[PDB]
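Side chains included, hydrogens not; waters and symmetry mates left out as well; all remaining heavy atoms used. Chain identifiers are assigned alphabetically (A, B, ...) following the order of the sequence lines, protein sequences preceding nucleic acid strands; residue numbering begins at 1 within each chain.
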Amino acid sequence: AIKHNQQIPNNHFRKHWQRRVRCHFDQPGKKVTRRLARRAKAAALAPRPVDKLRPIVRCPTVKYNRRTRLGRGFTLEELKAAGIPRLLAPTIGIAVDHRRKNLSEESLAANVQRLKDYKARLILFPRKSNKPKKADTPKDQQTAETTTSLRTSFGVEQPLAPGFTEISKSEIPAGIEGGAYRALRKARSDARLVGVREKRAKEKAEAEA
Amino acid sequence: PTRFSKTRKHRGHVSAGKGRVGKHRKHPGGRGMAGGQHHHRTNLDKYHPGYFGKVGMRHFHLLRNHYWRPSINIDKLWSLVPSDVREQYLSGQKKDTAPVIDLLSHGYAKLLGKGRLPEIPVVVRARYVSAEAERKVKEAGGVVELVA
RNA sequence: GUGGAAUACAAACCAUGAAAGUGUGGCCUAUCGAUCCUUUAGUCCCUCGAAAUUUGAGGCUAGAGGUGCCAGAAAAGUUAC
RNA sequence: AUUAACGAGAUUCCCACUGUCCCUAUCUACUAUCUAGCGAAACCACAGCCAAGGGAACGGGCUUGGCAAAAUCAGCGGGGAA
RNA sequence: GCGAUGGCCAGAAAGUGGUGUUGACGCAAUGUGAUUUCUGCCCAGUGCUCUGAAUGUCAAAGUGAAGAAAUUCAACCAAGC
RNA sequence: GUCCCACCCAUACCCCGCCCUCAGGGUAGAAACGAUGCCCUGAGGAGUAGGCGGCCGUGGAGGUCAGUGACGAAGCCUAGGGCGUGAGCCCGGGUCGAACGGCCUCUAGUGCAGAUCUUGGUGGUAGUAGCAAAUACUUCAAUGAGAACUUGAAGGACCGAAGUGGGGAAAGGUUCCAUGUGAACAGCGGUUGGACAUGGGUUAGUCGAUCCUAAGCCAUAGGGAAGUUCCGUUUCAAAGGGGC
RNA sequence: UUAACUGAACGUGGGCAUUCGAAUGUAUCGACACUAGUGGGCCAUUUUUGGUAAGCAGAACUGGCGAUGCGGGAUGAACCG
RNA sequence: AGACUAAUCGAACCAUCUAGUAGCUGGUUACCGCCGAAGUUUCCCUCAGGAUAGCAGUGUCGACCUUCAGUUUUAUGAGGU
RNA sequence: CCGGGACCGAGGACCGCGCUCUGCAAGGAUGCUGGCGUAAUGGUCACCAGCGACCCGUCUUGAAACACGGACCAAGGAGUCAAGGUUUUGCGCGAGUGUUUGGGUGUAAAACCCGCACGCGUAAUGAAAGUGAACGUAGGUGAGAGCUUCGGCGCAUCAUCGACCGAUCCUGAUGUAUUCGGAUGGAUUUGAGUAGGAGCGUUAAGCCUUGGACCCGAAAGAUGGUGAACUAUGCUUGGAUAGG
RNA sequence: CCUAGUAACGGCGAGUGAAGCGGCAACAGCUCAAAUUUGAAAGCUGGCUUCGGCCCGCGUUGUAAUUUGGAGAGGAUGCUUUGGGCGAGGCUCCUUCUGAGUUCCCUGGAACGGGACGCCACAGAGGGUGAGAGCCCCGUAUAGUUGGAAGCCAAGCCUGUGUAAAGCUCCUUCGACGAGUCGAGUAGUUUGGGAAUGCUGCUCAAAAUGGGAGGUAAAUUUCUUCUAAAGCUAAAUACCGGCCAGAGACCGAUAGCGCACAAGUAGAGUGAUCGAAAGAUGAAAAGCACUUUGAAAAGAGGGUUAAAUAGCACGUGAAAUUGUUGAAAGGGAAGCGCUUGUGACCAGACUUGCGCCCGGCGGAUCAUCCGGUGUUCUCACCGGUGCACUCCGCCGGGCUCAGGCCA
Ligand SMILES: [K+]
Ligand SMILES: [K+]
Ligand SMILES: [K+]
Ligand SMILES: [K+]
Ligand SMILES: [K+]
Ligand SMILES: [K+]
Ligand SMILES: [K+]
Ligand SMILES: [K+]
Ligand SMILES: [K+]
Ligand SMILES: [K+]
Ligand SMILES: [K+]
Ligand SMILES: [K+]
Ligand SMILES: [K+]
Ligand SMILES: [K+]
Ligand SMILES: [K+]
Ligand SMILES: [K+]
Ligand SMILES: [K+]
Ligand SMILES: [K+]
Ligand SMILES: [K+]
Ligand SMILES: [K+]
Ligand SMILES: [K+]
Ligand SMILES: [K+]
Ligand SMILES: [K+]
Ligand SMILES: [K+]
Ligand SMILES: [K+]
Ligand SMILES: [K+]
Ligand SMILES: [K+]
Ligand SMILES: [K+]
Ligand SMILES: [K+]
Ligand SMILES: [K+]
Ligand SMILES: [K+]
Ligand SMILES: [K+]
Ligand SMILES: [K+]
Ligand SMILES: [K+]
Ligand SMILES: [K+]
Ligand SMILES: [K+]
Ligand SMILES: [K+]
Ligand SMILES: [K+]
Ligand SMILES: [K+]
Ligand SMILES: [K+]
Ligand SMILES: [K+]
Ligand SMILES: [K+]
Ligand SMILES: [K+]
Ligand SMILES: [K+]
Ligand SMILES: [K+]
Ligand SMILES: [K+]
Ligand SMILES: [K+]
Ligand SMILES: [K+]
Ligand SMILES: [K+]
Ligand SMILES: [K+]
Ligand SMILES: [K+]
Ligand SMILES: [K+]
Ligand SMILES: [K+]
Ligand SMILES: [K+]
Ligand SMILES: [K+]
Ligand SMILES: [K+]
Ligand SMILES: [K+]
Ligand SMILES: [K+]
Ligand SMILES: [K+]
Ligand SMILES: [K+]
Ligand SMILES: [K+]
Ligand SMILES: [K+]
Ligand SMILES: [K+]
Ligand SMILES: [K+]
Ligand SMILES: [Mg+2]
Ligand SMILES: [Mg+2]
Ligand SMILES: [Mg+2]
Ligand SMILES: [Mg+2]
Ligand SMILES: [Mg+2]
Ligand SMILES: [Mg+2]
Ligand SMILES: [Mg+2]
Ligand SMILES: [Mg+2]
Ligand SMILES: [Mg+2]
Ligand SMILES: [Mg+2]
Ligand SMILES: [Mg+2]
Ligand SMILES: [Mg+2]
Ligand SMILES: [Mg+2]
Ligand SMILES: [Mg+2]
Ligand SMILES: [Mg+2]
Ligand SMILES: [Mg+2]
Ligand SMILES: [Mg+2]
Ligand SMILES: [Mg+2]
Ligand SMILES: [Mg+2]
Ligand SMILES: [Mg+2]
Ligand SMILES: [Mg+2]
Ligand SMILES: [Mg+2]
Ligand SMILES: [Mg+2]
Ligand SMILES: [Mg+2]
Ligand SMILES: [Mg+2]
Ligand SMILES: [Mg+2]
Ligand SMILES: [Mg+2]
Ligand SMILES: [Mg+2]
Ligand SMILES: [Mg+2]
Ligand SMILES: [Mg+2]
Ligand SMILES: [Mg+2]
Ligand SMILES: [Mg+2]
Ligand SMILES: [Mg+2]
Ligand SMILES: [Mg+2]
Ligand SMILES: [Mg+2]
Ligand SMILES: [Mg+2]
Ligand SMILES: [Mg+2]
Ligand SMILES: [Mg+2]
Ligand SMILES: [Mg+2]
Ligand SMILES: [Mg+2]
Ligand SMILES: [Mg+2]
Ligand SMILES: [Mg+2]
Ligand SMILES: [Mg+2]
Ligand SMILES: [Mg+2]
Ligand SMILES: [Mg+2]
Ligand SMILES: [Mg+2]
Ligand SMILES: [Mg+2]
Ligand SMILES: [Mg+2]
Ligand SMILES: [Mg+2]
Ligand SMILES: [Mg+2]
Ligand SMILES: [Mg+2]
Ligand SMILES: [Mg+2]
Ligand SMILES: [Mg+2]
Ligand SMILES: [Mg+2]
Ligand SMILES: [Mg+2]
Ligand SMILES: [Mg+2]
Ligand SMILES: [Mg+2]
Ligand SMILES: [Mg+2]
Ligand SMILES: [Mg+2]
Ligand SMILES: [Mg+2]
Ligand SMILES: [Mg+2]
Ligand SMILES: [Mg+2]
Ligand SMILES: [Mg+2]
Ligand SMILES: [Mg+2]
Ligand SMILES: [Mg+2]
Ligand SMILES: [Mg+2]
Ligand SMILES: [Mg+2]
Ligand SMILES: [Mg+2]
Ligand SMILES: [Mg+2]
Ligand SMILES: [Mg+2]
Ligand SMILES: [Mg+2]
Ligand SMILES: [Mg+2]
Ligand SMILES: [Mg+2]
Ligand SMILES: [Mg+2]
Ligand SMILES: [Mg+2]
Ligand SMILES: [Mg+2]
Ligand SMILES: [Mg+2]
Ligand SMILES: [Mg+2]
Ligand SMILES: [Mg+2]
Ligand SMILES: [Mg+2]
Ligand SMILES: [Mg+2]
Ligand SMILES: [Mg+2]
Ligand SMILES: [Mg+2]
Ligand SMILES: [Mg+2]
Ligand SMILES: [Mg+2]
Ligand SMILES: [Mg+2]
Ligand SMILES: [Mg+2]
Ligand SMILES: [Mg+2]
């Protein structure tokens, strides 16, 4: 029933909801369990970082396409441009994704530079310590200060473009001919009439001869 | 807390404040929104007019990301400049440069125009613009341009 | 002071009378019908969400098909077991 | 529609018979009754003498009158709207 | 009512069952209720049963025509009524 | 019937005291005040259903009284006292034996006469209703603290061979026998008992079971069913036993 | 709107308590928010409808009982104080 | 005979769905202080029930707004008992 | 202007109004005297006496009712918790607000620290394509607390006339992909709009809805199992019933 | 977590209701069919076996190597890549060892209580011992220490070597890719899925730049994105059923599980099934020796104990109901309100206090001044002086004032 001025209620409590109720009294306990696992995992990968290298990628809709984030893995064309064989890459801490493509030059150039920055900071220990190979670090450079995150050392430096800048006066540009508002109205109008105008031109030319 | 309750005050009094003639039975009148068109019509017509019926056309599989375009008025255009730099322009100490403002980087798509603008030229980049907003920017000595 | 009938103006186009005027149905007090669905009239208008053109369907404004228990469920009896 | 025989089936009359009745009397056994031993249950707001009055229009309690003396045994079927 | 490729009945189905080690002097389904003497008239109504000449009504599938197609329109049309 | 004096008493009216509620004032160069206090002035007080305010009690939690206690904590009894309008609070006397309270905040499974309310315990009735079908008992002696219903003898009776006799089937499970015994059971009693305690007792080649088949039940070959399983019993099966 | 600055509505400036233009009271001004219970009533003077009438059935204004004790009517929800 | 199917039959017994739903009957736990009702309007398969308005409490805010009134007086209208 | 009785004594330095003015009856009682100093006054309980007094809870217009529940006592016994709304009280920040999904850290379920997204708010209106808030010191008139240089300025809020944005109905400029575009000016029309932002989080109370939903209560319905030791009907295999 | 009580479904009523994007937890990739090893079935189960193999069998209607769309096959081209064995050292599990009062007095049956004096502490968590114990006992903290077993990781060393196998850069040309399957119609069920979201039955039944999808049915023309009808795979997630462990503003024997106990027990039902009640002597049994009355059960004495007002019918021991003793009332109920009386029992209050004068007794040092120190900077304290008409205390006598109850 209803008796006063109310908002019409819709509470979905007509099933046996009390059989499926999940409280979380183990929130602090599960946090301790996760930290112990991370600490154990880091110790197993002794000098290596605890992560993999990811590429930079742009979000997909008209909302969010102004921002960039990290993706799944590097493409096969990016790896070839840097000069890293595809079989070697996943064994030195680099992720690979075989189903992403480079439709532009902007994304390709950004990720190629990312790979060769990483390759310059890499230290390779030989498979057998008494017989080093010419592609390994010659062990005088094996001692340095290292990083073990790879998500803070190679993160997204700036996800958004700068929101403000300054130019000298008299260098400001001139507007479009009729004005910005009129340009938008004209672009919309042309799209709504592309089919009508093409048909009119076609029947005119056919009836011409 | 249970000690601040009228339940504690009713102890010792018959009927618990519910009446001797009417008795607080189980569900006199139905459950929920029952009787909306029959015996709860007086309530449903004084409040909530427009409750019953259909209006408009349908839209299968609507994606809300197609309709994203937040707007900002010219009234608050200068609040997007950092505070220290903003005071230099207003006091009249730059007089040689102009600021270039990116609306998309701040999370806006369309520029409406509601208030007034001080007479200092500015450069605005936007996806959409109102007719009045473009008039006031140009009259102050600025220009708006479209960026997608 | 929520949902048949009545009163006085405004904006158009008309009828009558020489004219002032009168006329928004029957001299006055009764003679009637929501949501959902269907069907017709209207603009020539909006949408079918990867893009166009023709069929089809869907919306926006006004009537009609009816609820006489007339603010409007779809409904036959018996029990002396 | 009739119908011999049959019926712990319903109905009317006759003979015999009788305590069914006029009209009620008497006898025997077992109880009840008293004692020793053993030993429950139903029910119970508080209780337990009436007449009238008014009152939810039939009072144990209220109002005005009648009256009214410990503790008790065998029976009884008016009331306790048992 | 029925001559076994059958009548009546059981089961979710079955290379499944009862009547049935059966065959009209038999099996199955209803009414009346020994013997005697009788058992009249009514087929309009509700049922049951028969005959197809009936084109009247008439499903899905199939056939023909129009259309760019979705589709629409026509003839033909089992049993039943 | 009419007229006239005096007198009687409501929680009503008038004057006084006290309680509460409402309204209106005063109080800092602070010798100053639970300023949420104190001082001055006026009016008002009925109440079911119902609304709001303030207070009292109970089980637990944080802080604080450097709290009480085997020289006696908590609980219980008490026509012994004091405080409060009231729910309640405090003290004396007795019993007893290991923990408990005041103040400010926090918290709740927090306050009972009723629900033919739930569980447990107990009355009147009341030493009351009753312990009356199946014909029936009497004498002497012995045992024993104690004998109508224990044993011996002698009388009197009933069942009257379709028995109150002598044996079995189903069912029970030691109820069978001997010795002994306080309570409880045998709706009276009890030295007696199908009761209570301690021991003992059931012997088969011939009596039964075991062997055979009946009405029927279930395996195998096969066919259904998502499946637990349903049908099928000689079938649309390459189905056995006898000697040297 | 009128033949018409002729009117109609809204105003500037100026004048009029030498008295702001009946009586009495003001022991309670205006506006808002949120919500409880109730939605079986009955009695009486005067006015009244149906009925032979009823401690019957139905209305209007006002006062009561319900929700309320106290002094009278011996008793007596509603009468007198 | 609606008879019998373990003291159970006009549809046995046992566990679970299940704390099945009830506009209907019964109950609902300390004290003091202040305020204090309704049985009426409209709609409803509405008549032993609801929503809606009224009657009631609590919190306030605006000024302490010459502000009001279940009343009298003076002038002036309407009515068909 | 003189007599006679009854009940009462609030207040606690002075201050005031006055008079018959060495003082007083003028803003509230003092003076003198006797007995006794304890159960004498006073209090609790029991009983007799005068007057008064129907059994509680409940439904009801009306209960002491010949209306229902209640023999007695002890212990148990009924408006709760979660999500989502709303108005009002307290608190933090304020055009913003919200650490706790997660990460860092720890004396380890506490306390402390971090910030990318996101939610609500900052802009509405149309079914939709779409468009999108200043003529003026953010307007004029009448009231209006407070301030004031005394001329005035006028918060909050109320009444009234206008201005701006979206929708609906008219009008249709310069131009031109010659069929597009929609400027400008109107209209007894309409919006949960603008017109010098108020919100976000949290704490406490009343109210609403779904849930067992203040506590106890049907006649019924559904899913899966167990019974023919009584009784009904049938099948296989056995038994029993004087004398006329 | 958010999207979102949103798009959508619904006698469009009551009601119902997802997904893409975004932030985070956790991250990991692969193998078959379709090709001739064809200069050599190069593959495998089983038996016997000096241990090296041998023998039959499976299999050409296809067992190995090679390829899986990210490709690849076939050619060029010249660089690069790999196999064994030791192994310090560390981690996990079990086990041995760990500081300080029984010091003195009082109460008590017995301190573990009160008082006095000490000590330990990376240990003052918890429990026991005749009452509240850091130091009486077990344990509690800390890194170490004696001994034993098996695994895992790993700094770094010692050794062969290209028969073979592997990666990269370019290219004319090649480039096999899953059928009663997809898809279509119709019926039923289901979903938020709307001219039909998924699943299944029946009928029809494909193709090679082909095929599916692109949330409104249909024809024509474009575009985007993947590659079905064969297969494997850790982590972040669920759960207290099983075996262990640590806890709480939870319950305290009618509560908490039906069960704190010989509880799924005793008992009921033909059966499926139903299903209770019931904790506490004392520190220690020291659980009453003996005498006497009685047939016995028992009683009376006498013992144990701090206590028998703890005796196994056992801590404390309330009410209903009952016995004895004591007080009182009663002519067809009793109980209750206001107000006297009688009898019984009882709490308070009062007992003196301040002041003045006279005498006796005792002690100081009263006022003033000097030195030191505080403090509110003008008010005090301590040391010195004072030394009898001053100051303080007690006792004796007299006087005024105030004091309890009823008139
Ligand atoms: K209420
Ligand atoms: K919009
Ligand atoms: K109706
Ligand atoms: K009508
Ligand atoms: K109606
Ligand atoms: K029926
Ligand atoms: K009948
Ligand atoms: K007969
Ligand atoms: K008798
Ligand atoms: K007797
Ligand atoms: K009478
Ligand atoms: K009386
Ligand atoms: K047959
Ligand atoms: K017949
Ligand atoms: K017959
Ligand atoms: K016959
Ligand atoms: K006959
Ligand atoms: K006929
Ligand atoms: K015929
Ligand atoms: K016929
Ligand atoms: K409390
Ligand atoms: K005591
Ligand atoms: K007796
Ligand atoms: K006898
Ligand atoms: K006999
Ligand atoms: K034998
Ligand atoms: K033999
Ligand atoms: K045997
Ligand atoms: K045998
Ligand atoms: K057989
Ligand atoms: K089978
Ligand atoms: K004019
Ligand atoms: K109301
Ligand atoms: K109401
Ligand atoms: K009534
Ligand atoms: K009446
Ligand atoms: K009276
Ligand atoms: K049974
Ligand atoms: K009803
Ligand atoms: K008239
Ligand atoms: K006074
Ligand atoms: K009642
Ligand atoms: K009663
Ligand atoms: K709030
Ligand atoms: K934000
Ligand atoms: K003013
Ligand atoms: K407008
Ligand atoms: K509720
Ligand atoms: K037989
Ligand atoms: K979104
Ligand atoms: K081979
Ligand atoms: K192979
Ligand atoms: K080692
Ligand atoms: K001692
Ligand atoms: K000692
Ligand atoms: K001590
Ligand atoms: K299909
Ligand atoms: K395609
Ligand atoms: K599509
Ligand atoms: K239990
Ligand atoms: K049993
Ligand atoms: K002691
Ligand atoms: K003793
Ligand atoms: K004791
Ligand atoms: Mg009340
Ligand atoms: Mg009630
Ligand atoms: Mg109600
Ligand atoms: Mg006209
Ligand atoms: Mg006419
Ligand atoms: Mg219509
Ligand atoms: Mg589409
Ligand atoms: Mg009488
Ligand atoms: Mg009478
Ligand atoms: Mg009576
Ligand atoms: Mg009398
Ligand atoms: Mg009798
Ligand atoms: Mg009688
Ligand atoms: Mg057809
Ligand atoms: Mg035909
Ligand atoms: Mg009152
Ligand atoms: Mg509790
Ligand atoms: Mg004590
Ligand atoms: Mg007592
Ligand atoms: Mg003890
Ligand atoms: Mg409770
Ligand atoms: Mg009770
Ligand atoms: Mg009560
Ligand atoms: Mg007797
Ligand atoms: Mg007998
Ligand atoms: Mg008898
Ligand atoms: Mg005898
Ligand atoms: Mg005989
Ligand atoms: Mg004989
Ligand atoms: Mg024997
Ligand atoms: Mg014997
Ligand atoms: Mg006996
Ligand atoms: Mg005996
Ligand atoms: Mg005996
Ligand atoms: Mg025995
Ligand atoms: Mg034999
Ligand atoms: Mg079988
Ligand atoms: Mg089979
Ligand atoms: Mg009612
Ligand atoms: Mg009447
Ligand atoms: Mg009536
Ligand atoms: Mg009432
Ligand atoms: Mg009255
Ligand atoms: Mg009276
Ligand atoms: Mg009278
Ligand atoms: Mg039976
Ligand atoms: Mg319930
Ligand atoms: Mg129930
Ligand atoms: Mg009042
Ligand atoms: Mg209706
Ligand atoms: Mg009722
Ligand atoms: Mg005002
Ligand atoms: Mg005021
Ligand atoms: Mg008239
Ligand atoms: Mg006085
Ligand atoms: Mg005296
Ligand atoms: Mg006395
Ligand atoms: Mg009386
Ligand atoms: Mg009566
Ligand atoms: Mg009743
Ligand atoms: Mg009764
Ligand atoms: Mg308890
Ligand atoms: Mg977390
Ligand atoms: Mg049904
Ligand atoms: Mg039988
Ligand atoms: Mg939202
Ligand atoms: Mg939601
Ligand atoms: Mg659903
Ligand atoms: Mg290869
Ligand atoms: Mg190759
Ligand atoms: Mg130790
Ligand atoms: Mg201890
Ligand atoms: Mg200890
Ligand atoms: Mg010690
Ligand atoms: Mg494939
Ligand atoms: Mg299904
Ligand atoms: Mg479907
Ligand atoms: Mg635990
Ligand atoms: Mg117990
Ligand atoms: Mg229990
Ligand atoms: Mg006990
Ligand atoms: Mg003894
Ligand atoms: Mg003791
Ligand atoms: Mg006892
Ligand atoms: Mg005891
Ligand atoms: Mg007693
Ligand atoms: Mg008495
Ligand atoms: Mg000195």
*Can a side chain N or O of A:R99 be found less than 4.0 Å away from OP1 or OP2 on J:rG69?*
no

*asked:* From CG of A:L193 over to P of I:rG181, roughly how many Å is that when rounded to an integer?
replied: 6 Å

_With hydrogens left out and only the distance checked, is there a donor-acceptor pair under 3.5 Å joining B:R69's side chain and the base of I:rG132?_
yes

*With nearest nucleotides of RNA chain C determined for B:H66 and B:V55 from heavy-atom distances, which residue corresponds to the more 5′ nucleotide?*
B:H66

*Closest to side chain of B:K26, choosing from H:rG50, I:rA213, G:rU38*: I:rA213

_Is there a side-chain contact between A:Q6 and the phosphate of I:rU87, meaning an N or O under 4.0 Å from OP1 or OP2?_
no

*Can you find a side chain N or O atom of B:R31 that sits less than 4.0 Å from OP1 or OP2 on J:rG15?*
no

*asked:* Categorize A:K202 for me: base, sugar-phosphate, or nothing, with a 4.0 angstrom heavy-atom threshold over every strand shown.
replied: nothing

_Paired nucleotide for D:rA25 [Watson-Crick or G-U wobble; both distances under 3.5 Å]_ = none

_Who pairs with J:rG214 - Watson-Crick or G-U, where each distance is under 3.5 Å_ = J:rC223

Output one line per pair: protein atom, nucleotide atom from nucleotides 106-110 of chain F, and distance, for all N/O pairs under 3.5 Å.
{"unit_1": "F:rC106", "atom_1": "OP2", "unit_2": "B:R3", "atom_2": "NH2", "d": "3.3"}
{"unit_1": "F:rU107", "atom_1": "OP2", "unit_2": "B:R3", "atom_2": "NH1", "d": "3.0"}
{"unit_1": "F:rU107", "atom_1": "OP2", "unit_2": "B:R3", "atom_2": "NH2", "d": "3.2"}
{"unit_1": "F:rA108", "atom_1": "OP2", "unit_2": "B:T2", "atom_2": "N", "d": "3.3"}
{"unit_1": "F:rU110", "atom_1": "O4", "unit_2": "B:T2", "atom_2": "OG1", "d": "2.7"}

*If you pin A:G195 and B:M57 to their nearest nucleotides in RNA chain C, which one's is more 5'?*
A:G195

*Can B:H39 be said to stack with the base of H:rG50, given centres closer than 5.5 angstrom and planes under 30 degrees apart?*
no

*Proximity to the side chain of B:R25 - top-ranked nucleotide from I:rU58, H:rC24, H:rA53*: H:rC24

*Check whether any side-chain nitrogen or oxygen of B:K6 sits under 4.0 Å from OP1 or OP2 of I:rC214, and answer yes or no.*
no

*asked:* By the 4.0 Å heavy-atom rule, please label B:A34 as base, sugar-phosphate, or nothing.
replied: nothing

*asked:* So, OP1 or OP2 of I:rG102: does either fall under 4.0 Å of a side-chain N or O from A:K30?
replied: no

_Check this one for me: any side-chain N or O of A:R192 less than 4.0 Å away from OP1 or OP2 of C:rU47?_
yes

_Mind checking if A:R20 touches a base, just sugar-phosphate, or nothing, with heavy atoms under 4.0 Å?_
nothing

*How is A:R86 classified with respect to the nucleic acid when contacts are heavy atoms under 4.0 Å: base, sugar-phosphate, or nothing?*
sugar-phosphate

_For the base of H:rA22 and the side-chain ring of B:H27, does the geometry meet a stacking cutoff of under 5.5 Å between centres and under 30° between planes?_
no

*For J:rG326, the Watson-Crick or wobble partner whose two distances fall under 3.5 Å*: none

*Select one nucleotide: of J:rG215, H:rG49, I:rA109, the one nearest the side-chain heavy atoms of B:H61.*
J:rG215

*Measure from the side-chain heavy atoms of B:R58 and tell me the nearest of J:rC9, G:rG39, J:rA7.*
J:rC9

*Would A:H98 count as stacked on J:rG70 if the rule is ring centres under 5.5 Å and plane angle under 30°?*
yes

*For C:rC32, the Watson-Crick or wobble partner whose two distances fall under 3.5 Å*: none

_Need the pair for E:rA74. Rule: Watson-Crick or G-U wobble, both distances under 3.5 Å, any strand; none if unpaired._
E:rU63

*For a side chain to side chain contact (heavy atoms under 4.5 Å, CB included) with A:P126, tell me which candidate from A:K139, A:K131, A:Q142, A:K133 qualifies.*
A:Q142

*Just jot down the side chain to side chain contact (heavy atoms under 4.5 Å, CB included) partners of A:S189, sequence neighbours excluded, or say none.*
A:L193

*Base, sugar-phosphate alone, or nothing: which one does B:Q37 contact when heavy atoms must sit under 4.0 Å apart?*
nothing

_Counting the atoms with a prime plus P, OP1 and OP2 as sugar-phosphate, which does B:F60 contact under 4.0 Å by heavy atoms, base, sugar-phosphate, or nothing?_
base

*Which part of the nucleic acid, if any, lies within contact of B:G30, taking any heavy atom under 4.0 Å across all strands shown: a base, the sugar-phosphate backbone alone, or nothing?*
nothing

_F:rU198: pairing nucleotide in any strand, Watson-Crick or G-U under 3.5 angstrom_ = F:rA178

*Looking at every strand, decide which applies to A:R38 at a 4.0 Å heavy-atom threshold: base, sugar-phosphate, or nothing.*
sugar-phosphate

*Are OP1 or OP2 of H:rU42 and a side-chain N or O of B:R41 less than 4.0 angstrom apart?*
no

*asked:* Considering every strand and a 4.0 Å limit on heavy-atom distances, what is the contact class for B:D45: base, sugar-phosphate, or nothing?
replied: nothing

*Distance test, side-chain N/O of B:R20 to OP1/OP2 of I:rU60, below 4.0 Å*: no

_Need one value for A:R69: base, sugar-phosphate or nothing, where a base atom within 4.0 Å counts as base even if backbone is also close, heavy atoms only._
sugar-phosphate

*asked:* Counting only Watson-Crick pairs (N1-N3 plus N6-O4 or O6-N4) and G-U wobbles (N1-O2, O6-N3), all under 3.5 Å, who is the partner of I:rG102?
replied: I:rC114

*What does B:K76 touch in the nucleic acid at a heavy-atom separation under 4.0 angstrom: a base, only the sugar-phosphate, or nothing?*
base

_Students often get this wrong, so: under 4.0 angstrom with heavy atoms, is A:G29 touching a base, only sugar-phosphate, or nothing?_
nothing

*asked:* Parallel, tilted or perpendicular: which one describes the rings of B:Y89 and B:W78, with boundaries at 30° and 60°?
replied: tilted

_Regarding B:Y128, tell me which of base, sugar-phosphate or nothing describes its non-hydrogen contacts under 4.0 Å with the strands shown._
nothing

*With sugar-phosphate meaning primed atoms plus P, OP1 and OP2, does B:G35 contact a base, only sugar-phosphate, or nothing at under 4.0 Å between heavy atoms?*
nothing

*asked:* Between F:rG172 and F:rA171, is the stacking condition met, i.e. ring centres under 5.5 Å and planes under 30 degrees?
replied: yes

